[PDB]
Number of protein chains: 4
Amino acid sequence: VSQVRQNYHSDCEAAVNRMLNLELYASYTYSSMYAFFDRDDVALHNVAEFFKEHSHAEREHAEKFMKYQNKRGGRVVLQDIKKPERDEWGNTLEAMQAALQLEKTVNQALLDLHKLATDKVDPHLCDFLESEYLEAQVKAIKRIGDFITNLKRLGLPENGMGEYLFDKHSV
Amino acid sequence: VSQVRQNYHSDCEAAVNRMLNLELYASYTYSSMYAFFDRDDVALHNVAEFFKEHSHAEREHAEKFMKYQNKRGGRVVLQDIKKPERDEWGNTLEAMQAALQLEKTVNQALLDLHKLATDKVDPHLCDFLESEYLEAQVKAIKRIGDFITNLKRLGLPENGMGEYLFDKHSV
Amino acid sequence: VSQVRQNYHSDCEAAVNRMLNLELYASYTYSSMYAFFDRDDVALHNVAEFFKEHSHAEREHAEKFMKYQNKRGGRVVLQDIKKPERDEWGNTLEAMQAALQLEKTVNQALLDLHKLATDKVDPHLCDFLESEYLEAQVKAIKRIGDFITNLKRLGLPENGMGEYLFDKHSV
Amino acid sequence: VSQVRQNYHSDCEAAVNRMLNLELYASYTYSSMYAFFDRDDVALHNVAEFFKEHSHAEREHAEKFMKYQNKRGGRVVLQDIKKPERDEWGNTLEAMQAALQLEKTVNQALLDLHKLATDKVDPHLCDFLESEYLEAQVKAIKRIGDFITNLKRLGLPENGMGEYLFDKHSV
Ligand SMILES: [Cl-]
Ligand SMILES: [Cl-]
Ligand SMILES: [Cl-]
Ligand SMILES: [Cl-]
Ligand SMILES: [Cl-]
Ligand SMILES: [Cl-]
Ligand SMILES: [Cl-]
Ligand SMILES: [Cl-]
Ligand SMILES: [Cl-]
Ligand SMILES: [Cl-]
Ligand SMILES: [Cl-]
Ligand SMILES: [Cl-]
Ligand SMILES: [Cl-]
Ligand SMILES: [Cl-]
Ligand SMILES: [Cl-]
Ligand SMILES: [Cl-]
Ligand SMILES: [Cl-]
Ligand SMILES: [Cl-]
Ligand SMILES: [Cl-]
Ligand SMILES: [Cl-]
Ligand SMILES: [Cl-]
Ligand SMILES: [Cl-]
Ligand SMILES: [Cl-]
Ligand SMILES: [Cl-]
Ligand SMILES: [Cl-]
Ligand SMILES: [Cl-]
Ligand SMILES: [Cl-]
Ligand SMILES: [Cl-]
Ligand SMILES: [Cl-]
Ligand SMILES: [Cl-]
Ligand SMILES: [Cl-]
Ligand SMILES: [Cl-]
Ligand SMILES: [Cl-]
Ligand SMILES: [Cl-]
Ligand SMILES: [Cl-]
Ligand SMILES: [Cl-]
Ligand SMILES: [Cl-]
Ligand SMILES: [Cl-]
Ligand SMILES: [Cl-]
Ligand SMILES: [Cl-]
Ligand SMILES: [Cl-]
Ligand SMILES: [Cl-]
Ligand SMILES: [Cl-]
Ligand SMILES: [Cl-]
Ligand SMILES: [Cl-]
Ligand SMILES: [Cl-]
Ligand SMILES: [Cl-]
Ligand SMILES: [Cl-]
Ligand SMILES: [Fe+2]
Ligand SMILES: [Fe+2]
Ligand SMILES: [Fe+2]
Ligand SMILES: [Fe+2]
Ligand SMILES: [Fe+2]
Ligand SMILES: [Fe+2]
Ligand SMILES: [Fe+2]
Ligand SMILES: [Fe+2]
Ligand SMILES: [Mg+2]
Ligand SMILES: [Mg+2]
Ligand SMILES: [Mg+2]
Ligand SMILES: [Mg+2]
Ligand SMILES: [Mg+2]
Ligand SMILES: [Mg+2]
Ligand SMILES: [Mg+2]
Ligand SMILES: [Mg+2]
Ligand SMILES: [Mg+2]
Ligand SMILES: [Mg+2]
Ligand SMILES: [Mg+2]
Ligand SMILES: [Mg+2]
Ligand SMILES: [Mg+2]
Ligand SMILES: [Mg+2]
Ligand SMILES: [Mg+2]
Ligand SMILES: [Mg+2]
Ligand SMILES: [Mg+2]
Ligand SMILES: [Mg+2]
Ligand SMILES: [Mg+2]
Ligand SMILES: [Mg+2]
Ligand SMILES: [Mg+2]
Ligand SMILES: [Mg+2]
Ligand SMILES: [Mg+2]
Ligand SMILES: [Mg+2]
Ligand SMILES: [Mg+2]
Ligand SMILES: [Mg+2]
Ligand SMILES: [Mg+2]
């Protein structure tokens, strides 16, 4: 047992490792979206940069779980980072729809971890999730939803002019 | 009788209280429009902010009548602030049309109060309306009319691209 | 269903709308207290300004619930803002006593909403209340209680000199 | 006839001369109040300074009517400035009560001049009164009324401690 460990259930330690992996998975998916929008036959550079920045943020989310694990006396256990679900992302609307789903998947995992922490009577882990993750998730989901609404208003997927306008004025 | 009261008719005092209520009603209507345009399925944030700012201005208009009432020795009497006429505002054109009508309703009440003040030979109240309210109303009405003209030119309500363009370049 | 909605119970959405209304009600009550203390026959301007500022803060509390509702994918539903309980507020002690009661009423509604959020397993809503509302309420209640104690020490309601001194040195 | 004169009735010209005299009379009354509160056996120096400043403001009001008269092509006609009604002013409450009455007398004369200007269809004179005099009068009356309310709360005339406190914290 780690000399620092106190009130930290094995189940929570394991679930933190799984959550770390999911953050890394999300990072990698956003990196793929960046690369897609940077293609010469896609060429929506502000959209590409949005996804590149999102990829970096998800890596920071992962690193914060690594630090957390060690602060509590748990032990970081890494698994493979699975490649993203798609190799190509269609267009800005399809990518944003996939991003919304990804953010909701991550949010559900965070909510499930909060449930576990509650069950194991771990207020420090509850606070960490509430203070560092849950509101950031709600904000990200709202932003992407707002984007999807605008992409639909702009006539995506068919309206290429609309797609151009979005990249030039929304991101 | 208030020790400060001079040349202030009871009818004018009552009409100032009614006008205060109408300013608060206008504020509340604009708050509703703000909340509508901030919805994830509407997502026109510059339009939302325009209405939020308008809501704050109407509250200032109300507060200025409260201060006026007390300066003249009248007594502020508050009534319920009725909820807005609609719960949802359709789109930018419908909302701007409702805002135009609201501003004209407020303007008519101000003009009617000026008529009353004239009838009761109250030049201080006439001056207050002319110096603090009537020109602001004319300016607001003109601005909203100009917006409606542009929204129609942009093909509202059907043209979603036009609606997007308005939010990005007119507000 | 809103595309952003996740883990947000209908009961919580409705209770947020009711809480929004109560914040607006509190704002309006403080506006009435402002207007009372600004009367020429009351004339306690620092007290009036305290209540005017409190009125503005309550409006901000309401606006933050509107924003919250939309972030979660709920839909803002407005109701009439009821006029305050009194048209005149007696004196500084009576007004502060009413303010204490109002703040405790608002606090109880916030605590009840936290209970509901807990029952529905909504940690984001719990965090929002804890981080943005509950401590502000405790602070406001303590401040007003401290004022009441001082007003009683100063001999309110009978001691007009005491009332004058409070306005000049406590606010 | 003056080469500049246009739409300026003889009655209005005469009434402007009478109004000028009344402003000078008000100045002189406030000078007397200054001198009273500066007496070694009265010794309320902040009150004295309030009245001295008011005396200077009334002289400015008079000078503005002189300038107005000449701008319209009327001819300034001066009369004696009558000495104030009292040689001694009792105490701060009595003086403020006399000041309130004086300001209301001046206000009534301004309102009567506005009536005359209206009757003679002189919008320039109406504007001058509304823009330069009537609101200043309402503000001054409100300020003095507020002071009287506070002096009564402080137990004037009997409560010398209250009178001291007013001079140290209200002016
Ligand atoms: Cl442990
Ligand atoms: Cl424990
Ligand atoms: Cl364990
Ligand atoms: Cl593990
Ligand atoms: Cl894993
Ligand atoms: Cl694996
Ligand atoms: Cl693919
Ligand atoms: Cl997903
Ligand atoms: Cl879990
Ligand atoms: Cl967060
Ligand atoms: Cl936000
Ligand atoms: Cl289209
Ligand atoms: Cl009157
Ligand atoms: Cl009159
Ligand atoms: Cl009347
Ligand atoms: Cl009324
Ligand atoms: Cl009303
Ligand atoms: Cl009503
Ligand atoms: Cl509706
Ligand atoms: Cl209307
Ligand atoms: Cl009217
Ligand atoms: Cl104006
Ligand atoms: Cl203009
Ligand atoms: Cl069109
Ligand atoms: Cl849900
Ligand atoms: Cl859940
Ligand atoms: Cl539900
Ligand atoms: Cl509801
Ligand atoms: Cl309600
Ligand atoms: Cl209701
Ligand atoms: Cl009452
Ligand atoms: Cl209450
Ligand atoms: Cl509740
Ligand atoms: Cl708080
Ligand atoms: Cl504190
Ligand atoms: Cl006492
Ligand atoms: Cl002439
Ligand atoms: Cl003419
Ligand atoms: Cl003539
Ligand atoms: Cl003359
Ligand atoms: Cl004369
Ligand atoms: Cl004479
Ligand atoms: Cl005398
Ligand atoms: Cl007089
Ligand atoms: Cl006259
Ligand atoms: Cl003025
Ligand atoms: Cl003022
Ligand atoms: Cl006393
Ligand atoms: Fe993340
Ligand atoms: Fe994310
Ligand atoms: Fe207004
Ligand atoms: Fe308006
Ligand atoms: Fe509040
Ligand atoms: Fe409050
Ligand atoms: Fe004057
Ligand atoms: Fe004066
Ligand atoms: Mg060891
Ligand atoms: Mg273990
Ligand atoms: Mg996993
Ligand atoms: Mg594989
Ligand atoms: Mg917390
Ligand atoms: Mg937070
Ligand atoms: Mg946004
Ligand atoms: Mg009275
Ligand atoms: Mg009446
Ligand atoms: Mg009405
Ligand atoms: Mg109704
Ligand atoms: Mg103007
Ligand atoms: Mg313009
Ligand atoms: Mg939908
Ligand atoms: Mg529902
Ligand atoms: Mg309620
Ligand atoms: Mg009622
Ligand atoms: Mg908790
Ligand atoms: Mg806090
Ligand atoms: Mg304190
Ligand atoms: Mg000549
Ligand atoms: Mg003549
Ligand atoms: Mg005279
Ligand atoms: Mg004489
Ligand atoms: Mg006029
Ligand atoms: Mg003016
Ligand atoms: Mg004042």
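Looking at the entry header, you'll see X-ray crystallography listed as the method and 1.10 Å as the resolution.

What follows concerns the interface of chain D and chain B. In this complex, chain D contributes 17 residues to the contact, which on the side of chain B involves twelve residues. Interface area for chain D against chain B, summed over the two sides, is near 1,300 Å², with a carbon-plus-sulfur share of 56%. Applying the counting rule to chain D against chain B returns one salt bridge. Run the count over chain D and chain B and you get nine residue pairs in polar contact. When residues of the side of chain D that touches chain B are traced back to their parent elements, those giving at least two are helix 3 (92-119) and helix 4 (123-153) of chain D. Of the residues forming the side of chain D that touches chain B, the biggest block, ten residues, is contributed by helix 4 of chain D. Classifying every residue of the side of chain D that touches chain B gives six nonpolar, five polar and six charged.

Moving on: the interface of chain B and chain C. Frequently, the measure chosen for interface size is the accessible area removed from exposure when the parts meet. Chain B puts 30 residues into the contact, and the matching count from chain C is 30 residues. Taken over both partners, the interface formed by chain B and chain C buries close to 2,700 Å², and the fraction arising from carbon and sulfur atoms is 48%. Interface area lost by chain B to chain C is led by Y28(B), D40(B) and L78(B), which between them contribute 23%. The tally of links from chain B across to chain C stands at 19 residue pairs in polar contact. Sorting the residues of the side of chain B that touches chain C by element identifies helix 1 (10-37) and helix 2 (45-72) of chain B as the ones contributing at least two each.

The next point concerns the relation of the copies chain B and chain C. For the pair chain B and chain C, the best superposition has an RMSD of 0.0 Å and corresponds to a rotation of 180° with a translation of 0.0 Å parallel to the axis. In short, the pair behaves as if placed about a two-fold rotation axis. Identified as the residue of chain B closest to the rotation axis by C-alpha distance is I81(B), at 2.5 Å. Both copies share a contact surface, since 100% of the interface residues of chain B are interface residues in chain C too.

Conventions adopted
- Within each chain the numbering goes from 1 in written sequence order, not necessarily matching the entry, and residues lacking coordinates are not shown.
- Chain letters start at A and ligand numbers start at 1, both assigned in the order the entries are written.
- Values throughout apply to the part shown, which belongs to a larger assembly of chains.
- The side-chain figures draw on all heavy atoms in the structure; neither hydrogens nor water molecules are used.
- Residues with missing side-chain atoms are left out of burial classes, side-chain pairs and their counts.
- Note on contacts: a residue pair is in contact if any heavy atoms of the two residues lie within 4.5 Å.
- Accessible area, probed at 1.4 Å, shrinks when two parts are joined; the buried area is that loss added up over both.
- What makes a salt bridge here is a side-chain nitrogen of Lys or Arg within 4 Å of a carboxyl oxygen of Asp or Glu, nothing more.
- Counted as a polar contact is a pair of N or O atoms within 3.5 Å, where, for protein atoms, one must be capable of donating a hydrogen and the other of accepting one, and residues adjacent in sequence contribute only when both atoms are in side chains.
- In this text, helices come from DSSP runs of H or I with a minimum length of four residues, and strands from runs of E with a minimum of two, each type numbered from the N-terminal end.
- Residue polarity follows a fixed list, in which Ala, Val, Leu, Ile, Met, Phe, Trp, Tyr, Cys and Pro are nonpolar, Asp, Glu, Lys and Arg are charged, and the others, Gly among them, are polar.
- We line the copies up by least squares, and the atoms we fit are the C-alpha atoms.

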